[PDB]
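Here are the chains, one letter per residue:
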Protein chains: 4
Amino acid sequence: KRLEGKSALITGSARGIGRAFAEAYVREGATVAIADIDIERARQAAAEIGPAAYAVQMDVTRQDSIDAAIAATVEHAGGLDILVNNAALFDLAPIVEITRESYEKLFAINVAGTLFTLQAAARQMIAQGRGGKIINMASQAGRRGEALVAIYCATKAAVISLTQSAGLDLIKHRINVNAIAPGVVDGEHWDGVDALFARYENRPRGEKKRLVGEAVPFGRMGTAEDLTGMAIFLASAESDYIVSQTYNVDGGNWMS
Amino acid sequence: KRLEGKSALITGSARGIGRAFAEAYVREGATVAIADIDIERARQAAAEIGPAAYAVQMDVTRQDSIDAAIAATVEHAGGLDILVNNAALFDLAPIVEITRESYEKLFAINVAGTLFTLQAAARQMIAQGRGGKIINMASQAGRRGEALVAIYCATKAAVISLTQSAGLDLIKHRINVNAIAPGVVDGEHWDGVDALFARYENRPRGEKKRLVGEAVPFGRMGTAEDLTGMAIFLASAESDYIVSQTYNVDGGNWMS
Amino acid sequence: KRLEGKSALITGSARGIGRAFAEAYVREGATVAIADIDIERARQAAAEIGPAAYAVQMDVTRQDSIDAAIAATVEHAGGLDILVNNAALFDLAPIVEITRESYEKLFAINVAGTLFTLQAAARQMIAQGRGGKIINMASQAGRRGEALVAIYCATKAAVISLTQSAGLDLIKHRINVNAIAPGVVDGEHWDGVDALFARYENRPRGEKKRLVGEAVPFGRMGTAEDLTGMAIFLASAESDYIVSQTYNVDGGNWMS
Amino acid sequence: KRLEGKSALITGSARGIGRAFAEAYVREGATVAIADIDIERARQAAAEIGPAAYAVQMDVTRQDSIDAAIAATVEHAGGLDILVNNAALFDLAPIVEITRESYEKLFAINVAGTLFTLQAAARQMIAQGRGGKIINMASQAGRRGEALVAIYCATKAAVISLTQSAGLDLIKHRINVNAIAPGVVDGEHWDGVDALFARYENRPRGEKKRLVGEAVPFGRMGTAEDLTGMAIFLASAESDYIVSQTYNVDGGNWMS
Ligand code: NA
Ligand code: NA
Ligand code: NA
Ligand code: NA
């Protein structure tokens, strides 16, 4: 068990990628705060995962909620050792149709949410004096722009950048900051994602997803489970010398 | 010469780099909107440059000011062919001292200001149906993070991403979107920049600036004139096949 | 006349892109050594271009030919101010079919040829004490690997790398070293290239070429003329502060 | 545990980084071929490591030696599952002093050695039908050039490129190709590396090594043990969806 006795918090972990990370972390001996805007779903998730997972209501766009979430983790587990910034929102629209609402919402959650949660965790970790681990969720989208995905790509580029900056600033406190960049990951969101491409590219529903899946060198779209090995690795002692990096786990969909 | 008959608008061009760009564009035969929030200096600059330059009041953080600026180029110049997003703000603080005010202010101007001005320009260019040129100002800060400069770095990373996405979306309208990434450029702003570094790096005043200058492979910090050639090139016919690129003009300070 | 009074040498300029550069340089006032293994065609080209162009026999794989070529520009033009390393060979094969012959031949021309010509030009430029410009030809292939193009991609990656190293080492002598990276350029060679892809991807003849052209965001494969502006720019005073860069001119085919 | 029953071959594994990888692999349950040009050193390393390690004489510059080594692996273990291309040579010299001997020797070992060993391993893995893992050793040097290290940097850039190309071509055979890029790693070679820098930079002995060590954000130069976690990870099932990536493990010395 590579994370034995560790205290983690994962934002947006009631469902999806964050939820898989939560389960993997518990398997590896960690206690995990299931942080989510949906307290009901967080409580269900925590009960399904087991005794070591516990629900925390959190809105990463609000400072008071961020601070309350950190304090609940300290209260419940005695401190905080691992942060995963997984909360994210996707959207899509061509340049001439980008709205200020899309820009503000996606930046508030994907960039500000990650930045200020990272900062609150950093402060707690510094106060503890024991290190150690922060993992941001980037994306292939942050590696290169895309015609219909300007806002989301830009938030993920910002995340990769913040990962580098925070990494350099916090390593003196024995805190590693790194990021994982998935490529295309299958899941409940892809119906809406495909529908959005179908609308703007004028394709039959389902065609975009299929083309995307067929283009991954590996042979298929990713699963959350493809990513858990890396999430454990970057939270363990085996990654202590790894600083300010973004690692693509994407079946070859992007090369860095 | 190279920009004969072209209508341009440059944000933040009352002073510094933007003004040097405006003066260079006029020498190359363009008509130029000196768009700045400092309308008094924009007017003095427009008056000094000559009849081909005219002052436009603009605050890239306000949608109505953005739309009014584009309307102004239509009124004065009959339309818009070249947009340079030059307006920007700098700040510096370690992760644990980053404020929401700093985040919101730098993103509103550096990211939202660039995105929505680009969008307004693109709409006008598409309506004209004669293609166009858009040049965003990035920075070495956009290429890699820095311990003390998380916010500014992230905004410039977002600009590089947006440059990429917009370039891919808009090329079918014959609009080139690219960016210039300067390195370190000398100017009065370095008193404050040095002071901020001196404080957090525990150095005597002037030392940071000195060291930064000495470390540029070319052998000196940049001037506006180092950048003017590239600004003309990316607005000229010689750059027609150039799409979604960021070009470093930085004395070798960063290699891309 | 941005290259007035300058002396240049361009490798592999009897035909194609290199010849287009030579013609462009001549129009900008330069004297140009048409250097090529195909001396017959180089002579014909120099005669067609006009009195400022002269043929020079060179095989970039042979040190004695390189040194004699540099000596030729000194003799005919009085010195050497601009070098363009354009000579290159292409090949294609899946990993399990790559031969040592293909490896040796592509590295000798593409990498050794560029490196040691660069070296010989640099020595002459340092001896002159007037600085200089060196432009290497990279490729999109140099920016990212490709299943069937391992050898060529690796040579172009080596070129980008060498451009960076040489740029850092030579700038103290006022020599700018940079590179241009074209995307896909139409031409006679595409019949063979298409044929090779057709074989390994199991495609009808001409399909690969068609798909490639349609996949370029700009909407067409490149021409030599798309590249001439950048070639002049990087040899001119407008690029003095530009060091160790590789610039993509590729219709958006790769974003750097 | 993590590599139970796997057959590995690591080039240059008698001493240094390869040796550490060999020892870590054996602890994780692998059988390891200790390939080295120095057969007595290989036979000795194998003896010391244990019964799961066996010596193989190999010159990665010779096709026949490469082919013989793979065959011995198939002879001793029942086949080959993991290849680590660790054999490498370093050299240093400014542009004007680079010799053809330095160019040829470093490229033969660092590039050709890696390419043709990877090719022979791939062929054997394809014939087995059970997939496989291949890890190339890159370097921070492959990420960006340096004034005094053009040859070595260029070889490591070529390695990163080959990693991408081979990864894309071989994943259909269920062979993962990835690379590790250490930053600066302490070891017996650094006394000579420092000496080379001291010579050309004209420094007291030891000054370069200290400055380099002090500039790593983490706080010290690397050890081989910093890298073993990643070497195991990329050879294990936890990296199955990881293709064509180069991962920096370098204390923050370079960010990718
Ligand atoms: Na629970
Ligand atoms: Na005026
Ligand atoms: Na002639
Ligand atoms: Na043994």
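Residues numbered from 1 in each chain as written, not as in the entry; some residues may be left out. Chains lettered and ligands numbered in written order. Heavy atoms only, no water.

The record names X-ray crystallography as the way this model was obtained, at a resolution of 2.0960 Å.

**Q** Before we go on, may I ask you to explain the environment of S139 of chain D in this structure?
**A** Residue and element names in this part refer to chain D. Residue placement: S139 occurs in the loop between β5 (132-137) and α5 (150-170). With relative accessibility at 6%, the residue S139 sits in the buried group. Considering only alpha carbons, one finds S139 and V159, 20 residues apart in sequence, at a separation of 9.0 Å. When near neighbours in sequence (up to four residues on either side) are disregarded, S139 contacts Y152, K156, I160, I180, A181 and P182. A polar contact of 2.9 Å, which involves the side chain of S139, links it to the backbone nitrogen of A141. (Helix = DSSP H or I, 4+ residues; strand = E, 2+ residues; numbered from the N terminus. Buried < 20%, exposed > 50% of the residue type's maximum accessible area, 1.4 Å probe, protein only. Contact = heavy atoms within 4.5 Å. Polar contact = N/O pair within 3.5 Å; in protein donor to acceptor, adjacent residues only side chain to side chain.)

**Q** What exactly am I supposed to notice about the pairing of strand β5 (residues 132-137) of chain A here?
**A** A regular strand carries its side chains on alternate faces of the sheet. Residue and element names in this part refer to chain A. Burial of β5 is extensive: six of the six residues sit out of reach of the surface. Tracing the backbone out of strand β4 (residues 82-85), into helix α4 (residues 100-128) and back to the parallel element β5 gives a crossover that is right-handed. Sheet topology places β5 next to strand β6 (residues 175-182); six bridges connect them, and they run parallel. Considered in β6, the bridge of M137 is made with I180. (Right-handed = clockwise from strand over helix to strand, strands pointing away. Pairing = 2+ DSSP bridges.)

**Q** Explain the interface of chain A and chain D to me, please; I cannot follow it from the model alone.
**A** One widely used convention gives an interface's size as the accessible area the parts lose upon coming together. In this complex, chain A contributes 34 residues to the contact, which on the side of chain D involves 35 residues. Interface area lost by chain A to chain D is led by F218, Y241 and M255 of chain A, which between them contribute 28%. For the pair chain A and chain D, the number of links is two salt bridges. Between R2 of chain A and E238 of chain D there is a salt bridge, with its nearest N and O atoms 2.9 Å apart. Taken together, the connections running from chain A to chain D amount to 18 residue pairs in polar contact. When contributions to the side of chain A that touches chain D are tallied by element, the ones reaching two or more residues are α6 (150-170), α9 (225-233) and β7 (246-249) of chain A. (Buried area = accessible area lost by both parts, 1.4 Å probe. Salt bridge = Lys/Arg side-chain N within 4 Å of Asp/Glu carboxyl O.)

**Q** Help me understand the sheet that holds β4 of chain A, please; the structure alone is not making it clear to me.
**A** The pairing of strands in a sheet comes from backbone hydrogen bonds and takes either a parallel or an antiparallel form. Residues and elements named next belong to chain A. The seven strands are arranged β3-β2-β1-β4-β5-β6-β7 in an open sheet whose pairing can be described as parallel. Pairing within the sheet leaves two strands with one partner each, and these edge strands are β3 (53-57) and β7. Neighbour to neighbour, the strand axes of the sheet diverge by 20 degrees on average, direction disregarded. Sheet topology places β4 next to β5; four bridges connect them, and they run parallel. Within β5, the position partnered with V84 by the bridge is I135. Against the sheet, α4 makes contact with β1 (7-11), β4, β5 and β6, and its axis sits at roughly 175 degrees relative to β4, the strand it touches most. (Axes fitted to C-alpha atoms, helices over the stretch in contact; angles between N-to-C directions.)

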